[PDB]
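Peer 1: One structure is given below, represented as structure tokens, and several questions about it will come after.
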Amino acid sequence: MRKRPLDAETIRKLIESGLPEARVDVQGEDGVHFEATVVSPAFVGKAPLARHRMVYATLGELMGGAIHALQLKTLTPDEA
């Protein structure tokens with residue numbers, strides 16, 4: 001225990017509260033290559049730029065200067 005709060009916690013919490021039964025998991029840091037896996041019905045069937053950008057924006061990727069080495073997967077809540 002060094003810091004109660006955390007980067008991935010801020011974005012994860014924000015989405016967790018926004019989305020209904022959607023699960024979001026982010027591991028890494030801003031301005032760096034991290035892996036964030038989000039699962040929600042919004043990306044049903046096909047995940048348009050709306051959902052893709054929505055997660056990328058809420059996960060604050062360009063807010064720090066992360067590298068293109070960003071791993072993000074959008075799957076339905078049933079695939080959980």
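Residue numbering restarts at 1 in every chain; chains get A, B, ... in the order shown in the structure tokens, and ligands count up from 1 in that same order.
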So which residues touch residue A:80 within 12 Å, counting only C-alpha atoms, skipping near sequence neighbours fewer than 6 positions away, as a PyMOL selection string?
Peer 2: chain A and resi 21-24+37-41+74
Peer 1: Just to confirm, what's the straight-line distance from atom CA of residue A:62 to atom CA of residue A:3 in Å (one decimal)?
Peer 2: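 Between these atoms lies a distance of 23.6 Å.
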Peer 1: Compare A:75, A:44, A:36, A:1 by their minimum atom-to-atom distance to residue A:56, counting only C-alpha atoms, and give me the closest one.
Peer 2: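 Closest candidate: A:36.
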Peer 1: Excluding same-chain residues fewer than 5 positions from residue A:70, what lies within 9 Å of it counting only C-alpha atoms, as a list in words?
Peer 2: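 Once the adjacent positions are removed, what remains is residues 32, 33, 34, 35, 36 and 61 of chain A.
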Peer 1: I need the chosen residues saved as a PDB file, in the first residue's frame, with N, CA and C atoms.
Peer 2:
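Printed below is result-v7.pdb as written:
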```pdb
ATOM      1  N   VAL A  32       2.115   6.171 -21.519  1.00  0.00           N
ATOM      2  CA  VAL A  32       2.907   4.964 -21.716  1.00  0.00           C
ATOM      3  C   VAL A  32       2.053   3.830 -22.270  1.00  0.00           C
ATOM      4  N   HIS A  33       2.712   2.788 -22.768  1.00  0.00           N
ATOM      5  CA  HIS A  33       2.012   1.637 -23.327  1.00  0.00           C
ATOM      6  C   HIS A  33       1.404   0.781 -22.220  1.00  0.00           C
ATOM      7  N   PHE A  34       0.075   0.760 -22.161  1.00  0.00           N
ATOM      8  CA  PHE A  34      -0.631  -0.018 -21.149  1.00  0.00           C
ATOM      9  C   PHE A  34      -1.701  -0.900 -21.789  1.00  0.00           C
ATOM     10  N   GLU A  35      -2.230  -1.838 -21.009  1.00  0.00           N
ATOM     11  CA  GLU A  35      -3.259  -2.745 -21.500  1.00  0.00           C
ATOM     12  C   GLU A  35      -4.565  -2.549 -20.737  1.00  0.00           C
ATOM     13  N   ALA A  36      -5.620  -2.191 -21.463  1.00  0.00           N
ATOM     14  CA  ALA A  36      -6.928  -1.973 -20.857  1.00  0.00           C
ATOM     15  C   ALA A  36      -8.006  -2.780 -21.572  1.00  0.00           C
ATOM     16  N   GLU A  61      -5.991   8.388 -22.927  1.00  0.00           N
ATOM     17  CA  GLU A  61      -4.816   7.852 -23.603  1.00  0.00           C
ATOM     18  C   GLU A  61      -3.958   8.977 -24.179  1.00  0.00           C
TER      19      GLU A  61
END
```
Peer 1: Taking into account only C-alpha atoms, which residue in the set A:6, A:49, A:54, A:30 is nearest to residue A:18?
Peer 2: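 Ranking A:6, A:49, A:54, A:30 by distance to residue A:18, first place goes to A:54.
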